[PDB]
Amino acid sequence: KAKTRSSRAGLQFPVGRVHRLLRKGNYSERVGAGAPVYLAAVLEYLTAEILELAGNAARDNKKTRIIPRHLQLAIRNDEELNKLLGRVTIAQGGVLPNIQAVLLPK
């Protein structure tokens, strides 16, 4: 019986779809078999990383459902995700609470 390439790789993200998107995307003449596996794993990993931190932000705000606000808090409060997505706008994400010290009353 047939096992999927994802299961064979131990991945949740779809290896077959990633391979298809690579071939259709005009990135190169040929695509090695290991390329969609490696790529699917990285995407799956980065997703887990964001969801972990987003779920924590939801929890901090006494919520059980992640909304864009939680995704924004997770990304901007994490230095490496902030860097990776530094030129990205999260719709309905808002901004981090931040008041310049000199603006506070004495």
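From 1 onward, residues are counted along the sequence shown.
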note = Once average C-alpha B-factors are taken from the entry for 95-103 and 2-10, the winner is 2-10
message = Tell me which stretch has the larger mean Cα B-factor in this entry, 78-86 or 16-24.
response = 16-24
query = So among 43, 31, 73, 51, who wins on Cα B-factor in the entry?
reply = 31
Modelled-residue ranking by C-alpha temperature factor, third containing residue 59 = highest
